[PDB]
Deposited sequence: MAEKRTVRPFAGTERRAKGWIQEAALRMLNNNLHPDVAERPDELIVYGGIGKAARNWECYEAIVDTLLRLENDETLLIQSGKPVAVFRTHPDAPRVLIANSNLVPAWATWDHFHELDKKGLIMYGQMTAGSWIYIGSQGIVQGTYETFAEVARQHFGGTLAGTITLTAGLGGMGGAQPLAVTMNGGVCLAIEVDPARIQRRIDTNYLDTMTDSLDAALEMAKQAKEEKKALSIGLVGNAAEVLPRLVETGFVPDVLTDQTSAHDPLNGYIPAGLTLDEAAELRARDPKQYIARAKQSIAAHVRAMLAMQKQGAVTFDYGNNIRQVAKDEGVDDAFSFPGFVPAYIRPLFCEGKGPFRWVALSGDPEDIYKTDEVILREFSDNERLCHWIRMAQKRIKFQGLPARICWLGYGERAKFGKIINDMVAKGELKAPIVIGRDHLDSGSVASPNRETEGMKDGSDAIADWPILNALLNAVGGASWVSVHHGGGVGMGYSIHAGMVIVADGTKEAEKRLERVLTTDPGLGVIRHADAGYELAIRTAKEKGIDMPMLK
């Protein structure tokens, strides 16, 4: 806490503060349990080791356990994390979810509606742990959001907590309000209590077709998640404890009419996509081969941002001072104003997002942009324009069939570690039957020094540049163009 460190260096102190932040009451789900470390003896050992860790030593964390310290050198990572199957330490609460959903709907606006959702109605369902960000993301893009949700207490949570403007139990009341806001081109979110399987076919039936259409119900879990059509919450739960065979069947049967309504709304001209809740697979498996007529949001909207290297870039103010983040908020406005969805994001975040634990911001920045911003941030820490160091961090239908290749995140971890990232993480997991994933993340500390400035320049070129190469190698034009445009060295091109 504050402007002075208890550890022997600011990277070790950042690790301590990010670790402690992960179990902050306003950041964590159940901080008395979950996981930042394997168990509470490992947690205490990590903290004790980070306070006495020297500036030329490196701590190894092996699935949450501090297993060893080795002498390395001052420009090596102070920590290397390989966890099996979640602590890469830079979770910043709900702002990651909100801004990632903002970004999807921001690309949907650029591709189809002139760079804003003003005058459109997005129709979706599910306001749960991730779905509840949908209405704020849509309204922050200027749009009208109608969100169908079966649990009134989830609509009330999103309203009480300012993620949702209003609600109604009446579909034609929800409809008459959405059309008003669309005609006035006003931003407005309405939660309609109701079942997507029942409501969406009633909309197609009655002529209505939204401009944008997704879903974020728990369709990936047709027993404990998706409520089947014709069932109240208490009726559904009494069938779920008793007769899960005929629950999943009704649940899969209801997912089918839901998607057939989405398919029908797609032919009337709606821009419509899947949001990772596995809902086409369950509908095809129930008997509609057309299910994949609409695409997933990642191949449709995120992948092209990855082709120019753009990715979630986060930074945390270790001082615990919100003005540190407001100062770095302006520098994004001064120098990425050609990207107005990004500048619109910073201003709407300043007014809608509250801080949780350490003040933090996230937004998307491409190749070239990240190193630029890390260099400016590091200078302001050195001058004292910022009160203490900044933690900077970053936590699939591929053209060429390359979905399963684990080589890329391993080269990413290896290359960021060799560049002098402050800590590097690799999470890996899978086995027989369900496959294998690997993900690498990285943190770099901007502590004001000239040595940090060299590592910052290396690591913030290398991390986005390898995402560009990964997509250029897979044959994406925009990535081959970006690589040539920006000077990235590809021996085969």
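- Positions of the deposited sequence absent from the coordinates, in order: 1 to 10, 45 to 51, 103 to 128, 439 to 452, 551.
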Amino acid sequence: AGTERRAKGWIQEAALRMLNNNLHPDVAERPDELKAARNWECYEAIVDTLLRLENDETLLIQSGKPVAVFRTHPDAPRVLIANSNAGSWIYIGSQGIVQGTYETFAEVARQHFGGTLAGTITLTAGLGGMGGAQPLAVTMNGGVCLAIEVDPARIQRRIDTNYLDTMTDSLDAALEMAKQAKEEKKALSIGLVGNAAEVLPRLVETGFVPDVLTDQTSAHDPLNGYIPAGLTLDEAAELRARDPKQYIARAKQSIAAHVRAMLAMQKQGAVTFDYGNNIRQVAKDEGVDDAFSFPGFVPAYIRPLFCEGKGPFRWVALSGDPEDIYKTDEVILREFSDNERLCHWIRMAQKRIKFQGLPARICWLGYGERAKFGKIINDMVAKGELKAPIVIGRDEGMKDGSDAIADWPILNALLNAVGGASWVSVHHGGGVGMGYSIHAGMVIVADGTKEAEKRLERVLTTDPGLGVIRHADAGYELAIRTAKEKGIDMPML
From here on, numbers count along this sequence of modelled residues.
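- Comparing the deposited coordinates for 281 to 289 and 371 to 379, the stretch with the larger average C-alpha B-factor is 281 to 289.
- The deposited model assigns a higher average Cα B-factor to 176 to 184 than to the other stretch when 410 to 418 and 176 to 184 are compared.
- As recorded in the PDB entry, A86 shows the highest C-alpha B-factor of the residues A86, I148, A388, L136.
- The PDB entry assigns its highest CA temperature factor, among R52, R30, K65, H427, to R30.
- Sorting the modelled residues of the chain by their CA temperature factor places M434 in the highest third.
- Placement of the Cα temperature factor of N224 within the chain: highest third of the modelled residues, per the deposited record.
- Looking at the C-alpha B-factors along this chain, the one for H24 belongs to the highest third.
- When the modelled residues of the chain are ordered by C-alpha B-factor, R347 sits in the middle third.
- The deposited CA B-factor of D75 belongs to the lowest third of values across its chain.
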